[PDB]
$ cat model.pdb   # PDB, C-alpha atoms
ATOM      1  CA  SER A   1     -14.922   2.138  -4.912
ATOM      2  CA  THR A   2     -17.361   3.259  -7.580
ATOM      3  CA  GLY A   3     -20.340   5.532  -7.946
ATOM      4  CA  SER A   4     -23.236   5.708 -10.384
ATOM      5  CA  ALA A   5     -25.816   8.485 -10.625
ATOM      6  CA  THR A   6     -28.591   9.274 -13.051
ATOM      7  CA  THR A   7     -28.456  12.649 -14.786
ATOM      8  CA  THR A   8     -31.719  14.207 -15.984
ATOM      9  CA  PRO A   9     -32.391  16.990 -18.525
ATOM     10  CA  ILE A  10     -33.665  20.167 -16.902
ATOM     11  CA  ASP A  11     -36.157  20.869 -19.699
ATOM     12  CA  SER A  12     -37.552  19.559 -22.982
ATOM     13  CA  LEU A  13     -34.580  20.902 -24.982
ATOM     14  CA  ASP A  14     -31.814  19.216 -22.971
ATOM     15  CA  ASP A  15     -30.440  22.662 -22.130
ATOM     16  CA  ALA A  16     -28.519  21.142 -19.210
ATOM     17  CA  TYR A  17     -28.540  18.034 -17.053
ATOM     18  CA  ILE A  18     -28.844  17.770 -13.277
ATOM     19  CA  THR A  19     -27.506  15.020 -11.051
ATOM     20  CA  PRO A  20     -28.411  14.584  -7.362
ATOM     21  CA  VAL A  21     -25.514  15.081  -4.951
ATOM     22  CA  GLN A  22     -25.545  14.433  -1.205
ATOM     23  CA  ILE A  23     -23.748  17.098   0.832
ATOM     24  CA  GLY A  24     -23.206  17.063   4.583
ATOM     25  CA  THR A  25     -24.480  15.111   7.553
ATOM     26  CA  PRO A  26     -27.375  14.450   7.578
ATOM     27  CA  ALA A  27     -27.327  14.541   3.788
ATOM     28  CA  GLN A  28     -28.658  17.592   1.983
ATOM     29  CA  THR A  29     -29.435  16.564  -1.588
ATOM     30  CA  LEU A  30     -28.869  19.243  -4.222
ATOM     31  CA  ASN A  31     -29.236  18.834  -7.975
ATOM     32  CA  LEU A  32     -25.982  19.934  -9.550
ATOM     33  CA  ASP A  33     -24.884  20.558 -13.126
ATOM     34  CA  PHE A  34     -21.837  18.318 -13.689
ATOM     35  CA  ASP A  35     -19.465  20.423 -15.775
ATOM     36  CA  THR A  36     -16.371  18.931 -17.398
ATOM     37  CA  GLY A  37     -15.444  22.468 -18.485
ATOM     38  CA  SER A  38     -14.892  23.916 -15.004
ATOM     39  CA  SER A  39     -13.391  22.872 -11.693
ATOM     40  CA  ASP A  40     -15.443  24.366  -8.847
ATOM     41  CA  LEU A  41     -18.134  22.596  -6.856
ATOM     42  CA  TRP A  42     -20.368  25.477  -5.832
ATOM     43  CA  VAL A  43     -23.870  25.558  -4.442
ATOM     44  CA  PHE A  44     -26.736  27.843  -3.674
ATOM     45  CA  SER A  45     -26.686  28.173   0.087
ATOM     46  CA  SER A  46     -28.091  29.754   3.217
ATOM     47  CA  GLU A  47     -25.473  32.474   2.542
ATOM     48  CA  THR A  48     -26.765  33.354  -0.932
ATOM     49  CA  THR A  49     -28.267  36.845  -1.168
ATOM     50  CA  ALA A  50     -31.966  36.204  -0.644
ATOM     51  CA  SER A  51     -33.114  38.142  -3.719
ATOM     52  CA  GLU A  52     -30.873  35.918  -5.874
ATOM     53  CA  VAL A  53     -32.542  32.653  -4.777
ATOM     54  CA  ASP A  54     -35.713  31.756  -6.697
ATOM     55  CA  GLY A  55     -36.724  28.132  -6.105
ATOM     56  CA  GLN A  56     -33.327  26.443  -5.812
ATOM     57  CA  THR A  57     -32.563  24.012  -3.022
ATOM     58  CA  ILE A  58     -29.900  25.470  -0.750
ATOM     59  CA  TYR A  59     -27.054  23.990   1.253
ATOM     60  CA  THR A  60     -27.093  25.108   4.892
ATOM     61  CA  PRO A  61     -23.676  24.324   6.394
ATOM     62  CA  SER A  62     -24.826  25.161   9.930
ATOM     63  CA  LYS A  63     -27.135  22.104   9.714
ATOM     64  CA  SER A  64     -24.306  19.744   8.711
ATOM     65  CA  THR A  65     -22.307  18.243  11.561
ATOM     66  CA  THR A  66     -19.397  17.545   9.202
ATOM     67  CA  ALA A  67     -19.178  21.030   7.657
ATOM     68  CA  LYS A  68     -16.143  23.134   8.522
ATOM     69  CA  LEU A  69     -15.448  26.657   7.302
ATOM     70  CA  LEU A  70     -12.270  26.745   5.209
ATOM     71  CA  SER A  71     -10.893  29.804   6.943
ATOM     72  CA  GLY A  72      -9.964  32.695   4.686
ATOM     73  CA  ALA A  73     -10.965  30.932   1.485
ATOM     74  CA  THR A  74     -13.025  32.693  -1.164
ATOM     75  CA  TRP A  75     -13.979  31.879  -4.727
ATOM     76  CA  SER A  76     -15.208  33.748  -7.773
ATOM     77  CA  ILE A  77     -15.901  32.313 -11.197
ATOM     78  CA  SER A  78     -16.995  33.621 -14.582
ATOM     79  CA  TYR A  79     -18.203  31.200 -17.226
ATOM     80  CA  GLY A  80     -17.938  31.334 -20.998
ATOM     81  CA  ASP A  81     -21.585  32.405 -21.272
ATOM     82  CA  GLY A  82     -21.028  35.509 -19.131
ATOM     83  CA  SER A  83     -22.598  34.121 -15.959
ATOM     84  CA  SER A  84     -20.780  34.230 -12.624
ATOM     85  CA  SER A  85     -20.928  33.449  -8.916
ATOM     86  CA  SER A  86     -18.764  33.926  -5.834
ATOM     87  CA  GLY A  87     -18.617  33.240  -2.119
ATOM     88  CA  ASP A  88     -16.793  31.443   0.673
ATOM     89  CA  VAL A  89     -15.854  27.811   1.210
ATOM     90  CA  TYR A  90     -16.635  24.910   3.519
ATOM     91  CA  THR A  91     -15.284  21.409   3.562
ATOM     92  CA  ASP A  92     -17.867  18.668   3.954
ATOM     93  CA  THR A  93     -18.713  15.113   2.985
ATOM     94  CA  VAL A  94     -19.995  14.843  -0.585
ATOM     95  CA  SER A  95     -21.470  11.707  -2.131
ATOM     96  CA  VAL A  96     -22.398  11.050  -5.751
ATOM     97  CA  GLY A  97     -24.208   7.852  -6.638
ATOM     98  CA  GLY A  98     -22.830   6.014  -3.604
ATOM     99  CA  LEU A  99     -19.244   7.315  -3.949
ATOM    100  CA  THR A 100     -18.243   9.393  -0.910
ATOM    101  CA  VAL A 101     -15.465  11.980  -0.560
ATOM    102  CA  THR A 102     -14.690  13.449   2.842
ATOM    103  CA  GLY A 103     -13.205  16.905   3.122
ATOM    104  CA  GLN A 104     -14.490  18.058  -0.270
ATOM    105  CA  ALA A 105     -14.395  21.814  -0.832
ATOM    106  CA  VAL A 106     -18.003  22.969  -1.141
ATOM    107  CA  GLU A 107     -18.040  26.534  -2.403
ATOM    108  CA  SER A 108     -20.997  28.371  -0.895
ATOM    109  CA  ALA A 109     -22.412  31.140  -3.073
ATOM    110  CA  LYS A 110     -22.918  34.542  -1.547
ATOM    111  CA  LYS A 111     -23.716  36.026  -4.976
ATOM    112  CA  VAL A 112     -24.907  34.495  -8.241
ATOM    113  CA  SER A 113     -25.638  36.158 -11.564
ATOM    114  CA  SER A 114     -29.163  36.497 -12.911
ATOM    115  CA  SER A 115     -29.005  33.476 -15.211
ATOM    116  CA  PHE A 116     -28.432  31.224 -12.192
ATOM    117  CA  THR A 117     -31.228  32.839 -10.184
ATOM    118  CA  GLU A 118     -33.610  32.474 -13.120
ATOM    119  CA  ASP A 119     -32.964  28.724 -13.436
ATOM    120  CA  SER A 120     -34.746  27.153 -10.483
ATOM    121  CA  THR A 121     -33.728  23.617 -11.514
ATOM    122  CA  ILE A 122     -29.945  23.980 -11.003
ATOM    123  CA  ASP A 123     -28.760  24.165  -7.397
ATOM    124  CA  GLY A 124     -25.076  24.573  -8.289
ATOM    125  CA  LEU A 125     -22.257  23.124 -10.365
ATOM    126  CA  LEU A 126     -19.903  20.208  -9.844
ATOM    127  CA  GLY A 127     -16.751  20.818 -11.856
ATOM    128  CA  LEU A 128     -14.958  17.901 -13.495
ATOM    129  CA  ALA A 129     -12.180  19.672 -15.438
ATOM    130  CA  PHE A 130      -8.651  19.690 -14.054
ATOM    131  CA  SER A 131      -8.064  21.101 -10.580
ATOM    132  CA  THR A 132      -5.652  23.715 -11.981
ATOM    133  CA  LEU A 133      -8.766  25.723 -12.971
ATOM    134  CA  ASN A 134     -10.278  25.760  -9.476
ATOM    135  CA  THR A 135     -10.850  29.355  -8.383
ATOM    136  CA  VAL A 136     -10.516  29.046  -4.595
ATOM    137  CA  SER A 137      -8.058  31.541  -3.141
ATOM    138  CA  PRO A 138      -5.560  31.614  -1.505
ATOM    139  CA  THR A 139      -5.374  27.794  -1.523
ATOM    140  CA  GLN A 140      -6.672  26.150  -4.694
ATOM    141  CA  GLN A 141      -8.941  23.164  -4.017
ATOM    142  CA  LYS A 142      -9.354  19.797  -5.727
ATOM    143  CA  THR A 143     -12.353  18.634  -7.701
ATOM    144  CA  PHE A 144     -14.593  15.837  -6.488
ATOM    145  CA  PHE A 145     -13.029  13.500  -9.055
ATOM    146  CA  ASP A 146      -9.483  14.421  -8.057
ATOM    147  CA  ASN A 147     -10.320  13.736  -4.409
ATOM    148  CA  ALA A 148     -12.018  10.426  -5.228
ATOM    149  CA  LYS A 149      -9.503   9.206  -7.805
ATOM    150  CA  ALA A 150      -7.163   7.228  -5.550
ATOM    151  CA  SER A 151     -10.082   5.317  -4.014
ATOM    152  CA  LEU A 152     -11.724   4.448  -7.325
ATOM    153  CA  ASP A 153     -11.389   1.004  -8.851
ATOM    154  CA  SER A 154     -10.091   2.745 -11.985
ATOM    155  CA  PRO A 155      -9.265   6.491 -12.225
ATOM    156  CA  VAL A 156     -12.047   7.292 -14.687
ATOM    157  CA  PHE A 157     -15.513   8.725 -14.948
ATOM    158  CA  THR A 158     -17.950   8.363 -17.810
ATOM    159  CA  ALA A 159     -20.686  10.580 -19.211
ATOM    160  CA  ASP A 160     -23.662   8.955 -20.910
ATOM    161  CA  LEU A 161     -26.046  11.832 -21.562
ATOM    162  CA  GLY A 162     -29.500  11.123 -22.914
ATOM    163  CA  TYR A 163     -31.345  12.704 -25.812
ATOM    164  CA  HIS A 164     -34.597  13.933 -24.297
ATOM    165  CA  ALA A 165     -34.093  11.278 -21.630
ATOM    166  CA  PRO A 166     -32.094  10.610 -18.458
ATOM    167  CA  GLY A 167     -28.551   9.303 -18.669
ATOM    168  CA  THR A 168     -25.752   8.307 -16.304
ATOM    169  CA  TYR A 169     -22.501   9.533 -14.770
ATOM    170  CA  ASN A 170     -20.341   6.671 -13.520
ATOM    171  CA  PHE A 171     -17.191   6.952 -11.419
ATOM    172  CA  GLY A 172     -14.496   4.322 -11.196
ATOM    173  CA  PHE A 173     -15.651   1.832 -13.827
ATOM    174  CA  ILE A 174     -16.613   1.537 -17.488
ATOM    175  CA  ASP A 175     -20.070  -0.031 -18.007
ATOM    176  CA  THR A 176     -19.417  -2.248 -21.003
ATOM    177  CA  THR A 177     -23.186  -2.679 -21.533
ATOM    178  CA  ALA A 178     -23.728   1.058 -22.069
ATOM    179  CA  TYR A 179     -22.240   1.395 -25.560
ATOM    180  CA  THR A 180     -21.985  -0.425 -28.867
ATOM    181  CA  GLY A 181     -18.813  -1.414 -30.662
ATOM    182  CA  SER A 182     -15.509  -0.324 -29.161
ATOM    183  CA  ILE A 183     -14.303   2.782 -27.347
ATOM    184  CA  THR A 184     -11.768   4.809 -29.303
ATOM    185  CA  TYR A 185      -9.328   6.650 -27.077
ATOM    186  CA  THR A 186      -7.619   9.883 -28.070
ATOM    187  CA  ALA A 187      -4.950  12.061 -26.511
ATOM    188  CA  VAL A 188      -5.744  14.914 -24.112
ATOM    189  CA  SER A 189      -3.866  18.139 -23.485
ATOM    190  CA  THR A 190      -4.290  19.527 -19.965
ATOM    191  CA  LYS A 191      -2.361  22.717 -20.752
ATOM    192  CA  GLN A 192      -5.498  24.885 -20.496
ATOM    193  CA  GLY A 193      -7.040  22.846 -17.670
ATOM    194  CA  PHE A 194      -9.688  21.295 -19.937
ATOM    195  CA  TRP A 195     -10.352  17.874 -21.424
ATOM    196  CA  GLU A 196      -8.871  19.170 -24.666
ATOM    197  CA  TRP A 197      -8.510  16.827 -27.635
ATOM    198  CA  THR A 198      -8.270  16.898 -31.428
ATOM    199  CA  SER A 199     -11.069  15.566 -33.597
ATOM    200  CA  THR A 200      -9.938  14.108 -36.898
ATOM    201  CA  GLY A 201     -12.665  15.691 -39.038
ATOM    202  CA  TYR A 202     -16.331  15.863 -39.877
ATOM    203  CA  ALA A 203     -19.083  15.043 -42.319
ATOM    204  CA  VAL A 204     -22.452  16.677 -42.971
ATOM    205  CA  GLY A 205     -25.336  14.279 -43.494
ATOM    206  CA  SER A 206     -24.452  11.599 -46.025
ATOM    207  CA  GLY A 207     -21.595  13.718 -47.388
ATOM    208  CA  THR A 208     -17.959  12.765 -47.635
ATOM    209  CA  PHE A 209     -15.827  12.908 -44.520
ATOM    210  CA  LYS A 210     -13.439  15.871 -44.421
ATOM    211  CA  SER A 211     -10.174  14.957 -42.694
ATOM    212  CA  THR A 212      -9.065  18.001 -40.718
ATOM    213  CA  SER A 213      -7.816  18.524 -37.181
ATOM    214  CA  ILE A 214     -10.283  20.283 -34.882
ATOM    215  CA  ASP A 215      -8.923  21.032 -31.416
ATOM    216  CA  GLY A 216     -11.620  21.455 -28.806
ATOM    217  CA  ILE A 217     -12.840  20.587 -25.336
ATOM    218  CA  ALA A 218     -15.284  17.957 -24.105
ATOM    219  CA  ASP A 219     -17.638  20.118 -22.026
ATOM    220  CA  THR A 220     -20.754  18.651 -20.408
ATOM    221  CA  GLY A 221     -21.610  22.096 -19.036
ATOM    222  CA  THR A 222     -22.100  23.656 -22.482
ATOM    223  CA  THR A 223     -25.358  22.908 -24.288
ATOM    224  CA  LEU A 224     -24.334  23.272 -27.933
ATOM    225  CA  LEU A 225     -21.572  22.241 -30.330
ATOM    226  CA  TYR A 226     -19.272  25.175 -31.168
ATOM    227  CA  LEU A 227     -16.986  24.633 -34.162
ATOM    228  CA  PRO A 228     -14.977  26.722 -36.633
ATOM    229  CA  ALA A 229     -16.988  29.005 -38.897
ATOM    230  CA  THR A 230     -15.982  27.032 -42.006
ATOM    231  CA  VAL A 231     -17.403  23.798 -40.566
ATOM    232  CA  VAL A 232     -20.582  25.428 -39.281
ATOM    233  CA  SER A 233     -21.207  27.187 -42.607
ATOM    234  CA  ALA A 234     -20.842  23.863 -44.424
ATOM    235  CA  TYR A 235     -23.394  22.273 -42.091
ATOM    236  CA  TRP A 236     -26.071  24.979 -42.346
ATOM    237  CA  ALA A 237     -25.626  25.285 -46.111
ATOM    238  CA  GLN A 238     -27.382  21.899 -46.290
ATOM    239  CA  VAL A 239     -30.507  23.273 -44.567
ATOM    240  CA  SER A 240     -32.785  25.276 -46.861
ATOM    241  CA  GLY A 241     -33.498  28.679 -45.419
ATOM    242  CA  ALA A 242     -30.907  28.495 -42.642
ATOM    243  CA  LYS A 243     -28.958  31.665 -41.948
ATOM    244  CA  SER A 244     -26.789  33.306 -39.335
ATOM    245  CA  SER A 245     -28.733  36.017 -37.532
ATOM    246  CA  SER A 246     -26.702  38.640 -35.689
ATOM    247  CA  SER A 247     -29.865  39.787 -33.897
ATOM    248  CA  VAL A 248     -30.713  36.317 -32.593
ATOM    249  CA  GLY A 249     -27.088  35.394 -31.911
ATOM    250  CA  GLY A 250     -26.339  32.530 -34.268
ATOM    251  CA  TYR A 251     -27.656  30.218 -36.921
ATOM    252  CA  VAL A 252     -31.404  29.819 -37.152
ATOM    253  CA  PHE A 253     -33.419  27.653 -39.499
ATOM    254  CA  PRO A 254     -37.067  27.108 -40.499
ATOM    255  CA  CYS A 255     -38.794  24.954 -37.929
ATOM    256  CA  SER A 256     -40.304  23.010 -40.865
ATOM    257  CA  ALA A 257     -36.847  21.765 -41.918
ATOM    258  CA  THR A 258     -35.501  18.254 -41.455
ATOM    259  CA  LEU A 259     -31.908  18.606 -40.244
ATOM    260  CA  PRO A 260     -29.028  16.478 -41.531
ATOM    261  CA  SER A 261     -26.828  14.545 -39.172
ATOM    262  CA  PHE A 262     -23.334  15.712 -38.274
ATOM    263  CA  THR A 263     -20.432  13.288 -37.900
ATOM    264  CA  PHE A 264     -17.222  14.008 -36.020
ATOM    265  CA  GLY A 265     -14.032  11.956 -36.069
ATOM    266  CA  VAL A 266     -12.331  10.381 -33.074
ATOM    267  CA  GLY A 267      -9.182   8.888 -34.477
ATOM    268  CA  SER A 268     -10.339   6.522 -37.202
ATOM    269  CA  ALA A 269     -13.766   6.207 -35.535
ATOM    270  CA  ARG A 270     -16.860   8.282 -36.247
ATOM    271  CA  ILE A 271     -19.588   9.606 -33.938
ATOM    272  CA  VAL A 272     -22.863  10.492 -35.655
ATOM    273  CA  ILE A 273     -25.042  13.228 -34.173
ATOM    274  CA  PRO A 274     -28.593  12.720 -35.522
ATOM    275  CA  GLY A 275     -30.185  15.774 -37.089
ATOM    276  CA  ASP A 276     -32.901  15.929 -34.449
ATOM    277  CA  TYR A 277     -30.227  16.507 -31.768
ATOM    278  CA  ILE A 278     -29.347  19.782 -33.534
ATOM    279  CA  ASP A 279     -32.858  21.266 -33.218
ATOM    280  CA  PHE A 280     -33.161  23.640 -30.251
ATOM    281  CA  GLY A 281     -36.658  24.749 -31.103
ATOM    282  CA  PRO A 282     -38.336  28.099 -31.631
ATOM    283  CA  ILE A 283     -36.248  31.165 -30.858
ATOM    284  CA  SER A 284     -39.253  32.504 -28.915
ATOM    285  CA  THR A 285     -42.573  30.890 -28.107
ATOM    286  CA  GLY A 286     -44.670  30.429 -31.234
ATOM    287  CA  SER A 287     -41.919  31.401 -33.656
ATOM    288  CA  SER A 288     -41.337  29.384 -36.814
ATOM    289  CA  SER A 289     -37.632  30.224 -36.637
ATOM    290  CA  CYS A 290     -35.680  27.573 -34.758
ATOM    291  CA  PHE A 291     -32.289  27.828 -33.095
ATOM    292  CA  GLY A 292     -29.474  25.621 -34.305
ATOM    293  CA  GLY A 293     -27.468  23.315 -32.100
ATOM    294  CA  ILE A 294     -24.242  23.731 -34.088
ATOM    295  CA  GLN A 295     -22.836  27.260 -33.821
ATOM    296  CA  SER A 296     -19.635  29.064 -34.647
ATOM    297  CA  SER A 297     -16.848  29.195 -32.083
ATOM    298  CA  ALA A 298     -15.231  32.161 -33.831
ATOM    299  CA  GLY A 299     -16.105  34.535 -30.977
ATOM    300  CA  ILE A 300     -15.208  32.078 -28.193
ATOM    301  CA  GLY A 301     -11.525  31.339 -28.770
ATOM    302  CA  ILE A 302     -11.944  27.561 -28.452
ATOM    303  CA  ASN A 303     -14.048  24.854 -30.044
ATOM    304  CA  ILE A 304     -16.479  23.200 -27.647
ATOM    305  CA  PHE A 305     -17.868  19.678 -27.920
ATOM    306  CA  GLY A 306     -20.845  20.373 -25.692
ATOM    307  CA  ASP A 307     -23.900  18.288 -24.908
ATOM    308  CA  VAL A 308     -25.128  18.173 -28.540
ATOM    309  CA  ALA A 309     -22.002  16.184 -29.415
ATOM    310  CA  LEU A 310     -21.421  14.321 -26.164
ATOM    311  CA  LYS A 311     -24.978  12.976 -25.886
ATOM    312  CA  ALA A 312     -24.407  11.091 -29.156
ATOM    313  CA  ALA A 313     -21.629   9.101 -27.452
ATOM    314  CA  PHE A 314     -20.568   7.159 -24.415
ATOM    315  CA  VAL A 315     -17.633   9.278 -23.221
ATOM    316  CA  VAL A 316     -14.778   8.101 -21.001
ATOM    317  CA  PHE A 317     -12.828  10.725 -19.057
ATOM    318  CA  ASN A 318      -9.667   8.799 -18.211
ATOM    319  CA  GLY A 319      -7.828  10.531 -15.371
ATOM    320  CA  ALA A 320      -4.782   8.286 -15.346
ATOM    321  CA  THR A 321      -1.358   9.904 -14.973
ATOM    322  CA  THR A 322      -1.530  10.689 -18.695
ATOM    323  CA  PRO A 323      -5.210  11.503 -19.237
ATOM    324  CA  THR A 324      -7.101  10.440 -22.346
ATOM    325  CA  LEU A 325     -10.652  10.639 -23.660
ATOM    326  CA  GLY A 326     -12.653   7.741 -25.053
ATOM    327  CA  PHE A 327     -15.696   7.855 -27.312
ATOM    328  CA  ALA A 328     -18.042   5.029 -28.282
ATOM    329  CA  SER A 329     -21.292   4.959 -30.181
ATOM    330  CA  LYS A 330     -24.340   3.830 -28.223
TER     331      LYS A 330
END
$ encode --input "model.pdb" --output "structure tokens"
Amino acid sequence: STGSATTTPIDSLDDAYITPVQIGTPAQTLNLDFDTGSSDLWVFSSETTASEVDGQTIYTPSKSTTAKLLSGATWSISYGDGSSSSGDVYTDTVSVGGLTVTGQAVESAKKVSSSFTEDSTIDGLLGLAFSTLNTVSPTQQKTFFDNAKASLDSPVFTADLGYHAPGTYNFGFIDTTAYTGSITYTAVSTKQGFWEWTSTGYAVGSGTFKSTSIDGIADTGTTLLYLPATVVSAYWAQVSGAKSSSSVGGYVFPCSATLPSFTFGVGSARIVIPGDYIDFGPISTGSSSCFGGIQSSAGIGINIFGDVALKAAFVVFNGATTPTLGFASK
């Protein structure tokens, strides 16, 4: 089997992407944030505290003839950005782009943090990291991809995120028309439960490529590119007037600037992030100070190849017995 679903930016900045997901019988379609940095499929629901729902579409398990409470199971997750959610668990039929999994754990939110409530466009998350990170207790549950893997034509999914445009998540096949050149594959460590890999270096604009190992994670659920302070300083030094602002929370730059590109290495291959992808616009409405899309990871503990980086590539998440990542230009 295979599946193919379009993923759409939630706003004009590409802050996140939503993909329609069919849950239950008859189908209830929710728009989920596919997140290769986490491993829970959780949804706003009829169980979510009413004051914490503000425009989201909810899953109502009592209206699904295939929903079954997973007795005793609870979940609770906290994300790198400080947001969180928690609740109980059903199993139900879940379909993405024509690919159906029966008995998928659907984690129903009883509580969500304010950042989720305030974002009416995201109805939940669909985690695509390794199932070892799933938070369901006392019996950890599998991700949608893990459940689908054996049925797929090939045990892979691909992320093709658009710049200010829709893109595609495919399951079970590699669309050879969706990228240019070849796909360069690189080794993955699953020791932390992430799609963790080592970039071979970087360049700023037309500058020389610096060969240096940068360990990080491929994370579709993170907006920006978070890299070591040395690398980030070298990037922003090429933008006149750019500075790190403790009060704003990162590097800002004059909105009148033209940003240089940023290249990262994948083995001997190179992925070029155009400068425009690094512009996240005014820090507040009407400001002439703009927020940068490359930021320091120094306070995170891990480097994160988020959407800024991934949207410049066609990315293969190869879930074979020994997983690997692939990157192609597009």
$ residues_around --input "model.pdb" --residues "residue 200 of chain A" --least-positions-apart "6" --cutoff "10 Å" --atoms "all atoms listed in the file" --output "PyMOL selection string"
chain A and resi 209-215+264-270
$ resolve_selection --input "model.pdb" --expression "the PyMOL selection byres ((chain A and resi 257) around 12)" --output "PyMOL selection string"
chain A and resi 236+238-242+252-256+258-260+275-276+278-279+281+288-292
$ resolve_selection --input "model.pdb" --expression "the PyMOL selection byres ((chain A and resi 67-76) around 12)" --output "PDB file with C-alpha atoms, keeping the file's coordinate frame"
ATOM      1  CA  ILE A  23     -23.748  17.098   0.832  1.00  0.00           C
ATOM      2  CA  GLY A  24     -23.206  17.063   4.583  1.00  0.00           C
ATOM      3  CA  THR A  25     -24.480  15.111   7.553  1.00  0.00           C
ATOM      4  CA  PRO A  26     -27.375  14.450   7.578  1.00  0.00           C
ATOM      5  CA  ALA A  27     -27.327  14.541   3.788  1.00  0.00           C
ATOM      6  CA  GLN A  28     -28.658  17.592   1.983  1.00  0.00           C
ATOM      7  CA  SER A  39     -13.391  22.872 -11.693  1.00  0.00           C
ATOM      8  CA  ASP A  40     -15.443  24.366  -8.847  1.00  0.00           C
ATOM      9  CA  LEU A  41     -18.134  22.596  -6.856  1.00  0.00           C
ATOM     10  CA  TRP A  42     -20.368  25.477  -5.832  1.00  0.00           C
ATOM     11  CA  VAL A  43     -23.870  25.558  -4.442  1.00  0.00           C
ATOM     12  CA  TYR A  59     -27.054  23.990   1.253  1.00  0.00           C
ATOM     13  CA  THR A  60     -27.093  25.108   4.892  1.00  0.00           C
ATOM     14  CA  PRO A  61     -23.676  24.324   6.394  1.00  0.00           C
ATOM     15  CA  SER A  62     -24.826  25.161   9.930  1.00  0.00           C
ATOM     16  CA  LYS A  63     -27.135  22.104   9.714  1.00  0.00           C
ATOM     17  CA  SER A  64     -24.306  19.744   8.711  1.00  0.00           C
ATOM     18  CA  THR A  65     -22.307  18.243  11.561  1.00  0.00           C
ATOM     19  CA  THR A  66     -19.397  17.545   9.202  1.00  0.00           C
ATOM     20  CA  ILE A  77     -15.901  32.313 -11.197  1.00  0.00           C
ATOM     21  CA  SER A  78     -16.995  33.621 -14.582  1.00  0.00           C
ATOM     22  CA  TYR A  79     -18.203  31.200 -17.226  1.00  0.00           C
ATOM     23  CA  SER A  83     -22.598  34.121 -15.959  1.00  0.00           C
ATOM     24  CA  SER A  84     -20.780  34.230 -12.624  1.00  0.00           C
ATOM     25  CA  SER A  85     -20.928  33.449  -8.916  1.00  0.00           C
ATOM     26  CA  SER A  86     -18.764  33.926  -5.834  1.00  0.00           C
ATOM     27  CA  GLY A  87     -18.617  33.240  -2.119  1.00  0.00           C
ATOM     28  CA  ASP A  88     -16.793  31.443   0.673  1.00  0.00           C
ATOM     29  CA  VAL A  89     -15.854  27.811   1.210  1.00  0.00           C
ATOM     30  CA  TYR A  90     -16.635  24.910   3.519  1.00  0.00           C
ATOM     31  CA  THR A  91     -15.284  21.409   3.562  1.00  0.00           C
ATOM     32  CA  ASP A  92     -17.867  18.668   3.954  1.00  0.00           C
ATOM     33  CA  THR A  93     -18.713  15.113   2.985  1.00  0.00           C
ATOM     34  CA  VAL A  94     -19.995  14.843  -0.585  1.00  0.00           C
ATOM     35  CA  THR A 102     -14.690  13.449   2.842  1.00  0.00           C
ATOM     36  CA  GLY A 103     -13.205  16.905   3.122  1.00  0.00           C
ATOM     37  CA  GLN A 104     -14.490  18.058  -0.270  1.00  0.00           C
ATOM     38  CA  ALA A 105     -14.395  21.814  -0.832  1.00  0.00           C
ATOM     39  CA  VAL A 106     -18.003  22.969  -1.141  1.00  0.00           C
ATOM     40  CA  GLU A 107     -18.040  26.534  -2.403  1.00  0.00           C
ATOM     41  CA  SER A 108     -20.997  28.371  -0.895  1.00  0.00           C
ATOM     42  CA  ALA A 109     -22.412  31.140  -3.073  1.00  0.00           C
ATOM     43  CA  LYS A 110     -22.918  34.542  -1.547  1.00  0.00           C
ATOM     44  CA  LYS A 111     -23.716  36.026  -4.976  1.00  0.00           C
ATOM     45  CA  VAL A 112     -24.907  34.495  -8.241  1.00  0.00           C
ATOM     46  CA  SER A 113     -25.638  36.158 -11.564  1.00  0.00           C
ATOM     47  CA  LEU A 133      -8.766  25.723 -12.971  1.00  0.00           C
ATOM     48  CA  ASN A 134     -10.278  25.760  -9.476  1.00  0.00           C
ATOM     49  CA  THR A 135     -10.850  29.355  -8.383  1.00  0.00           C
ATOM     50  CA  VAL A 136     -10.516  29.046  -4.595  1.00  0.00           C
ATOM     51  CA  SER A 137      -8.058  31.541  -3.141  1.00  0.00           C
ATOM     52  CA  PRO A 138      -5.560  31.614  -1.505  1.00  0.00           C
ATOM     53  CA  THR A 139      -5.374  27.794  -1.523  1.00  0.00           C
ATOM     54  CA  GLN A 140      -6.672  26.150  -4.694  1.00  0.00           C
ATOM     55  CA  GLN A 141      -8.941  23.164  -4.017  1.00  0.00           C
TER      56      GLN A 141
END
$ closest_residue --input "model.pdb" --among "A:178, A:4, A:125, A:100" --to "residue 34 of chain A" --atoms "all atoms listed in the file"
A:125
$ closest_residue --input "model.pdb" --among "A:8, A:168, A:51, A:303" --to "residue 218 of chain A" --atoms "only C-alpha atoms"
A:303
$ atom_distance --input "model.pdb" --atom1 "atom CA of residue 153 of chain A" --atom2 "atom CA of residue 6 of chain A"
19.5 Å
$ atom_distance --input "model.pdb" --atom1 "atom CA of residue 1 of chain A" --atom2 "atom CA of residue 151 of chain A"
5.9 Å
$ residues_near_point --input "model.pdb" --point "(-7.3, 22.3, -22.2)" --cutoff "10 Å" --atoms "all atoms listed in the file" --output "MDAnalysis selection string"
chainID A and resid 37 129:130 133 188:197 215:218 302
